[PDB]
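Numbers 1060 to 1105, taken from our numbering, label the letters of the sequence shown in order.
In what follows, a structure is listed as structure tokens, so that the remarks can point back to it.
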Amino acid sequence: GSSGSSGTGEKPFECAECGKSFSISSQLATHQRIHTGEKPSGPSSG
Ligand SMILES: [Zn+2]
């Protein structure tokens, strides 16, 4: 018996920094900005 059905409106463009979301990329980009600035690792992802 494994029960557990729920939903909080998911999306393809989710933010794993604060907990936000968007519909298109442009929207997500303009956001990530507030996140882009620190120095987590040496070089950049790509
Ligand atoms: Zn965010």
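All residues carry an ideal CB built from backbone N, CA and C; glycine is no exception.
Alpha carbon of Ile1093 to alpha carbon of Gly1060, nearest angstrom: As a position in the sequence shown, residue 1093 is number 34, starting the count at 1. As a position in the sequence shown, residue 1060 is number 1, starting the count at 1. Approximately 43 Å between the Cα atoms of the pair.
Any non-hydrogen atom of ligand 1 closer than 7 Å to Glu1073 Cβ: Position 14 of the sequence shown, counted from the first residue, corresponds to residue 1073. Annotation for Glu1073 indicates a beta carbon at 7 Å or more from all heavy atoms of ligand 1.
Cβ shell of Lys1070 (< 6 Å), same chain only, five flanking positions each side left out: Here residue 1070 corresponds to residue number 11 of the sequence shown, with the count starting at 1. The residues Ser1080, in chain order, have a CB closer than 6 Å to that of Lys1070 in the same chain once the five nearest residues on each side in sequence are set aside.
Three-state class that DSSP yields for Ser1062 in the structure shown: Indexing the sequence shown from 1 puts residue 1062 at position 3. Looking at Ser1062 - three-state DSSP - the assignment turns out to be coil, as it is neither helix nor strand.
C-beta atoms of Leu1087 and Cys1077 nearer than 8 Å: Within the sequence shown, numbered from 1, the residue matching residue 1087 stands at position 28. Within the sequence shown, numbered from 1, the residue matching residue 1077 stands at position 18. In terms of Cβ geometry, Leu1087 and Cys1077 do not form a close pair [threshold 8 Å].
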